[PDB]
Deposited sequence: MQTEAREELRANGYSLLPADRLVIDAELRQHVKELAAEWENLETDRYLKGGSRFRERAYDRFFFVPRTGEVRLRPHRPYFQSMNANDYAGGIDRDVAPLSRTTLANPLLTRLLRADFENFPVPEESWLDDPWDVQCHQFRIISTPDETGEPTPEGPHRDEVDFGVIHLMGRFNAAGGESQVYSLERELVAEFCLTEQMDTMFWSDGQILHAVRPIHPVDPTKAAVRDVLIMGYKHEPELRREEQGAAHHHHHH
């Protein structure tokens, strides 16, 4: 399938919301999940964070104990779209060995709000970003670089649920800063990002 092929070749794939089918339920689960971004703690950047124990074969997901950033809100974690996104996102990743589908994975779930970088990697095996909202913001392009620190592509997530897949060990990435269009109002860019790292020796935590 498309998304899996592209990360094998290029190291990244795009999936704009236009090409997604958004029913009324999913509509309202996005509306509720996206409303959470109004309620992140500072340290301008407002954020929330948690990690998940994940096994793709069974779809098992476990909220790992919170180790710092503020934890994801109770309503966020209650929203079925969080872990449905988590599971669905993962299918778009070219895993090198089917066996890894049966090993544990650490999945970092980041709620970021930016209020108005060089090429790096997020130190995971695969990542995903979903644009939750954009308000009075110019710039903020997503950038794919090579391991040679040479820009190979640049694009802009603009619509809610716009999504980008990437193989964090193949490319380097960054996002240009955002600045307000109306100089009197602030720029706000609401992003949901998850980093997936294969961890065969991770254990369940009680």
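Check your understanding: In sequence order, which deposited residues have no C-alpha?
Key -> Several regions go unmodelled: 1 to 2, 46 to 53, 79 to 95, 144 to 153, 244 to 253.
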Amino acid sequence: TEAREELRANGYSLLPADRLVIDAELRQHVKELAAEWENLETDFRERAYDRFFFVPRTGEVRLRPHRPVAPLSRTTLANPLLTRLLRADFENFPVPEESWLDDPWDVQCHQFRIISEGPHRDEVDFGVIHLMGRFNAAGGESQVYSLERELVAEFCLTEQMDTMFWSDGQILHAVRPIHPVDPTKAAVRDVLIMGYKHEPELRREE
From here on, numbers count along this sequence of modelled residues.
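Review point. Averaged over C-alpha atoms, is the B-factor higher for 78 to 86 or for 131 to 139 in this PDB entry?
Key: It is 131 to 139 that shows the higher mean C-alpha B-factor.
Check your understanding: So 53 to 61 or 141 to 149, which one's hotter by mean CA B-factor in the entry?
Key -> The entry gives the higher C-alpha B-factor average to 141 to 149.
Review point. For the listed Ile115, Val107, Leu72, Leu101, which has the peak Cα B-factor recorded in the PDB entry?
Key: In this record, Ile115 carries the highest C-alpha B-factor of the candidates.
Exercise for review: Kindly indicate the residue among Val188, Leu14, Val191, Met194 with the greatest C-alpha B-factor in the PDB record.
Suggested key: So the option with the highest C-alpha B-factor is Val188.
Review point. Which third of the chain does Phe44 land in by C-alpha B-factor: lowest, middle or highest?
Key: Highest third - that is where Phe44 ends up once the chain's C-alpha B-factors are sorted.
Point to revise | For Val175, the third of its chain into which the C-alpha B factor falls | key: Its C-alpha B-factor belongs to the middle third of this chain's values.
Check your understanding: Which third, lowest, middle or highest, does the CA B-factor of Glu91 fall in along this chain?
Key -> Lowest third - that is where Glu91 ends up once the chain's C-alpha B-factors are sorted.
**Study point:** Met164 - which third its CA temperature factor falls in, relative to the rest of the chain
**Key:** Its C-alpha B-factor belongs to the lowest third of this chain's values.
Check your understanding: Once the chain's modelled residues are ordered by C-alpha B factor and cut into thirds, is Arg203 in the lowest, middle or highest one?
Key -> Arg203: CA B-factor falls in the middle third of its chain.
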